[PDB]
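Report on the following structure.
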Amino acid sequence: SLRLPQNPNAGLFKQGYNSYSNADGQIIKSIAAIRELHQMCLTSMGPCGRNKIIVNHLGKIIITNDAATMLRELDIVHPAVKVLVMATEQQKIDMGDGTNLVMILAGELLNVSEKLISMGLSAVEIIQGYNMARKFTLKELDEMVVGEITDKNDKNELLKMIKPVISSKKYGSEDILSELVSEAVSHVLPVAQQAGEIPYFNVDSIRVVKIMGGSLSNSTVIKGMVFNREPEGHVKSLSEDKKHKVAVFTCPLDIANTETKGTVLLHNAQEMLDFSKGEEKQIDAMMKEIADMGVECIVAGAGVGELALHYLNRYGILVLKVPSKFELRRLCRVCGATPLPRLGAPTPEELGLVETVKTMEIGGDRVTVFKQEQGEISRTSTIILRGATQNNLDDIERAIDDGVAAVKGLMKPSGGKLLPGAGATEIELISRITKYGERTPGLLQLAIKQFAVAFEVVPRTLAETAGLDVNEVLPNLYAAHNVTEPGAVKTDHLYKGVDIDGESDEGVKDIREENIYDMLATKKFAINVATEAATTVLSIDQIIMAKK
Amino acid sequence: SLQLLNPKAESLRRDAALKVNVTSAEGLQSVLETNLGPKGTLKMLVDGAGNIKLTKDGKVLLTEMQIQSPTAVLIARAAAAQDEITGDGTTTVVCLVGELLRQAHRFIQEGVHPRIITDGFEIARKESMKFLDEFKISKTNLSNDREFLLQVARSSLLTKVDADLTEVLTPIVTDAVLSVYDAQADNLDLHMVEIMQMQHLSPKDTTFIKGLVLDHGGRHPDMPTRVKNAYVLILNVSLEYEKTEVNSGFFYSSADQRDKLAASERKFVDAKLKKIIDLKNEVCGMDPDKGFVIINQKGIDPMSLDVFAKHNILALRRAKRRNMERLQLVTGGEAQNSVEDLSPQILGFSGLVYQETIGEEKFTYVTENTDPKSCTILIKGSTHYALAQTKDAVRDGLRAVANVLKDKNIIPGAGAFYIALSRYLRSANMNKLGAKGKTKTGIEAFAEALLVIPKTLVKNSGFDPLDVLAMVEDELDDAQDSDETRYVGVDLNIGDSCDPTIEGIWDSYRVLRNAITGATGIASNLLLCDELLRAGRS
Amino acid sequence: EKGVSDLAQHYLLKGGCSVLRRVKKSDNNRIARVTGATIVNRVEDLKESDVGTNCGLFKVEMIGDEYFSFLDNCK
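Protein chains in written order, with full-length UniProt numbering: chain A, 2 to 549; chain B, 2 to 539; chain C, 298 to 372.
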């Protein structure tokens, strides 16, 4: 009576092991545990979304509203939350778009599931309700698609793709951020129309260089790569033009050394007198063949000795240091050169072409300009990003990567397949699934009808973060979808969406004039990952933890 | 009397030790009680390091979670060894051992000696083996029925995952075991089927591949990614920096000799490269349409990668050791260690060779073989634990299907084997059996413990286990006098019985034979242990 | 008894010899008794008199834990 039996025969497992099952409201606590980090990403959704500050154990601060990036530095405890954490990371890697949608959609499916479990629905019937409703959801997305990107590159068409994606990440000015990203995309495209070749694109081609100081309006697009380097011998503006011939060596420039027990052997004083002048003639003979080919610049991948740098300054040859690997790999893609390990005369067919190499002060340090010109086009262009704070420079770099990943969505599928934006995609699916829930007899209609209710978070989040009442604005939007379709065709009511601030009362007419759209390839995987993330949590009846 | 032998010691005997084996096995069975069955619960394991293990396999629960009770340690080692050889029966043995201890514990309190109780277990188990010969159904492999392999494979799939992943993985496992069957009849499970974890798309997009896939790809850009006709050359020799033998080294007299001796490092490397070029001179016919690839077991010196780039030769380094043995089954060639002796006969053949670069890692795909002797299964998953959940689901299904082709017989599932032993042992005359007197009681405890597994399946469905088995016993009563032989199963969907042969529920022959034999020895040794003590020098 | 290089297995495979993993000293004494072989350390001193004979069968069976190699005696 004084002390409990304290769960007898509990010594079967270590004291650190704990057992949590769907019974005793723990499945409700798991859903309630999602709402703790769910509201964190709700205020970050949309162009009016709010960025968050997360301080790690090392002191690094990353300010971003992206749900996939924020969950990286955070330490997660509850096991089912890691299901939601790792689900948002896959969406960022695969499609590079729709990261905040997976975080919000998977969290709302568990919120509506709390009422489903309370009514007595078994975990098996709840899973079957979402799987049957998701298959109908993916089929309706292909029916509601409007427009297409058609040609690969266009000045106007690239403003309907990258611009609406970068509007949510660091909104700021619209046309300023859209022109910087859209310019670097046109350079890495092979074009070559009418040839019938298979298009190709690389998401790592465009590199963002973070340089503090200045302003966003002073940013520009550089066709070449930009590094922080100090020329050793001399600096040259290279005003003599006629372009240049450049060679790249992944191996360092120095006398070849034996990999085992390199040692100077001198038997007599006769060999010692010619040893000092012997090494000078070796580099002279090797560097003379390079200077005879007209090579004004040499790219090195490791440390170069001083004896090798002497003859390079004699013929006026620039010296570049390219540490590690990936930095040197993208240099040859600009000039179209093939590295070779030997120090001999390079092949003329493997030499690159760079017209000008300039060194100027941007952020206070000397940077080398690899920028290309109209002719002899180059690939893997870089974008100079100027900003006052380094924290803004980090997320804008990821904001540009979101636009670069959107270009990848123009390659694998048949086209761009633009979808109505401003939340109009998830709202139209509500009326279609509602009719789908009635067409299916049985008890499975409870999970199907509530599956469309979870799509109401998109219009409510955009309206709440915009400083508007969700009770006045949201029902007024259904008035366009409550009139169904008339006796005549050409119905433009599908373009209605949620507006931020302004005059409220729905607004922005039809979004076709706003030019903001969504990607179909993004919404396909965003719904599948978010559904499986909530399905995994609902499919686990018992959770076991260790040490805590 | 142990306190006099040791200053500090802990021991429990007789009724204190009798509660050790009964209660500890009861808590362990309760953990796996909700596991058994296709509708069973799903458990996730999260350790202190951050790893996540999500599976329905009872073996992962025993290995990841430590057990302080020594009684379950004997059960955990028995349940783990059951999945090793037979690939199935981990949760089955735990339910047999834990229940048989409790079924025999009621008579121990009545004053019955444990030995005569365990003696009745062997008498009742030997009858299950004699009945097993008439219970099993013979299947002839000369028919090559594909539908038979589909229904057997779905037994383990529906338990671990739902019908979504079952329909996808059903033809994959069947196509994997199809190439295992050969005129030699020898079945080799490890080399024929592998599990390769890769995160791509969704787990439901898992597809089957008819040729070996590797984790490595071409490092040099000019290496052709897609090669129509490629001749695979097996090379177990590595071109790279060697141990050099204590590093003796070079000594140069003049600077001209310093670079003259440096060229000796490429003398040994280019010596073996000239043999590959001479081998390419035989296959040079139709060079643009065809191709030549090299797969090495060990890392290759990047200095020599530029040689294969000019000849458009794909090089693969740091390959696994087991993958070297399968290159003869996939392509059809032979292995070559020394490059001195080369022949076109040892060169393999492939109809399609391509590489798919996803992220930083690059994978090489080979398929479209004339007469491939082996295949692979590419596992795709959304998360790290999703790769392990499919790994444990497919691997457990491998031994289930592989054991079918080993023998000519197959065992029906759905609890038809456990219910049949209940009516057999209870209605059998004791004069034919070697057990008499009080040993008759030990046989009844073994027959009653077998009826919990078909009742455990019903506990996960929500139906009353007592009412659903009332119709099963009533059907078997009129089936003997109607001149009709039919096996009665348990259908958890409608809460009624069914036929395992019509529904397609089948169980492996080696799983149930080793489970009952294994579970009997565990529970017998626990009932015969009257004392548990702990002593040692630490 | 000790480890074997991947270079030596090729010339032994060309002649029909079979290579195995390194063997402990305890198992070397039991193998010599079954086949009547004599342990020969020096390869140059190897003769036909020390070669083991009268071996019934050599087979390998698959078990999930580990491989197993069988050597049968002609009795």
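Where a beta carbon is used, it is the ideal one built from N, C-alpha and C, also for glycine.
Alpha-carbon spacing of residue i relative to residue j, whole angstroms
{"i": "B/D372", "j": "B/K205", "result": "29 Å"}
{"i": "B/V395", "j": "C/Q306", "result": "35 Å"}
{"i": "A/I428", "j": "A/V459", "result": "8 Å"}
{"i": "A/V86", "j": "A/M104", "result": "8 Å"}
{"i": "B/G352", "j": "B/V181", "result": "21 Å"}
{"i": "A/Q446", "j": "B/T365", "result": "45 Å"}
{"i": "B/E335", "j": "B/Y232", "result": "11 Å"}
{"i": "A/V146", "j": "A/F228", "result": "43 Å"}
{"i": "B/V32", "j": "A/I545", "result": "11 Å"}
{"i": "B/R327", "j": "B/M193", "result": "8 Å"}
{"i": "B/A82", "j": "B/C530", "result": "22 Å"}
{"i": "B/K407", "j": "B/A79", "result": "23 Å"}
Buried versus exposed call for residue i [16 or more other C-beta atoms within 10 Å across all chains shown]
{"i": "residue 1 of chain A", "result": "Residue numbering for chain A in the displayed model covers 2 to 549; residue 1 of chain A lies beyond these limits and cannot be assessed."}
{"i": "A/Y131", "result": "buried"}
{"i": "A/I291", "result": "buried"}
{"i": "A/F452", "result": "buried"}
{"i": "C/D324", "result": "exposed"}
{"i": "C/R339", "result": "exposed"}
{"i": "A/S382", "result": "buried"}
{"i": "B/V21", "result": "buried"}
{"i": "A/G488", "result": "exposed"}
{"i": "A/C333", "result": "buried"}
{"i": "A/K61", "result": "exposed"}
{"i": "B/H106", "result": "buried"}
{"i": "A/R315", "result": "exposed"}
Within chain B, partners of residue i - CB distance below 9 Å
{"i": "C/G361", "result": "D84, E85, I86, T87, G88, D190, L191 and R400"}
{"i": "A/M226", "result": "Ordered by position in chain B, no residue passes the 9 Å Cβ test against A/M226, which lies about 17 Å from the chain."}
{"i": "residue 1 of chain A", "result": "Chain A is shown from 2 up to 549; residue 1 of chain A falls before or after that span and cannot be answered."}
{"i": "A/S31", "result": "Near A/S31 there are no residues of chain B at all, since even the closest Cβ is about 11 Å away, more than 9 Å."}
Partners in chain A for residue i, counting only beta-carbon separations shorter than 8 Å
{"i": "B/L533", "result": "None at all; the shortest Cβ gap to chain A is about 13 Å."}
Bridge partners - residue i, DSSP secondary structure assignment
{"i": "A/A535", "result": "A/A535 is not bridged to any residue."}
{"i": "B/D508", "result": "B/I412"}
{"i": "A/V210", "result": "A/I385"}
{"i": "A/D519", "result": "A/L420"}
{"i": "B/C96", "result": "Paired residue(s): none; B/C96 is not in a bridge."}
{"i": "B/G292", "result": "B/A231"}
{"i": "B/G490", "result": "B/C499"}
{"i": "A/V370", "result": "A/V227 and A/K359"}
Residue i - containing alpha helix (DSSP H), residue span
{"i": "B/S129", "result": "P115 to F136"}
{"i": "B/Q198", "result": "Unbroken run through B/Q198 is the beta strand (DSSP E), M197 to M199; no alpha helix (DSSP H)."}
{"i": "B/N145", "result": "Here B/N145 belongs to no alpha helix (DSSP H), and DSSP marks it neither H nor E."}
{"i": "residue 1 of chain B", "result": "Given that chain B is displayed from residue 2 to residue 539, the structure contains no residue 1 of chain B and the question cannot be resolved."}
{"i": "A/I291", "result": "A270 to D293"}
{"i": "B/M45", "result": "Per DSSP, B/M45 belongs to no alpha helix (DSSP H); it is in the beta strand (DSSP E), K44 to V47."}
Neighbour list for residue i in chain B, Cβ cutoff strictly below 7 Å
{"i": "A/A257", "result": "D260 and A263"}
{"i": "A/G60", "result": "Near A/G60 there are no residues of chain B at all, since even the closest Cβ is about 22 Å away, more than 7 Å."}
{"i": "A/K15", "result": "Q67 and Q69"}
{"i": "A/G279", "result": "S255, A256 and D257"}
Extent of the continuous beta strand (DSSP E) run through residue i
{"i": "B/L315", "result": "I314 to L317"}
{"i": "C/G333", "result": "C/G333 -> no beta strand (DSSP E), and no H or E assigned at all."}
{"i": "A/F452", "result": "Where A/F452 is concerned, there is no enclosing beta strand (DSSP E), although the alpha helix (DSSP H) it sits in stretches over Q446 to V454."}
{"i": "A/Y18", "result": "First-last for A/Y18: undefined, no H or E at that position."}
{"i": "C/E358", "result": "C352 to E358"}
Within chain C, the residues that residue i reaches when beta carbons sit closer than 7 Å
{"i": "B/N338", "result": "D303, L304, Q306 and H307"}
Under 9 Å from the C-beta of residue i: neighbouring residues of chain A
{"i": "B/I53", "result": "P80, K83, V84 and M87"}
Neighbour list for residue i in chain C, Cβ cutoff strictly below 8 Å
{"i": "B/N237", "result": "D303"}
Contacts that residue i makes with chain B (C-beta to C-beta distance below 8 Å)
{"i": "A/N529", "result": "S203"}
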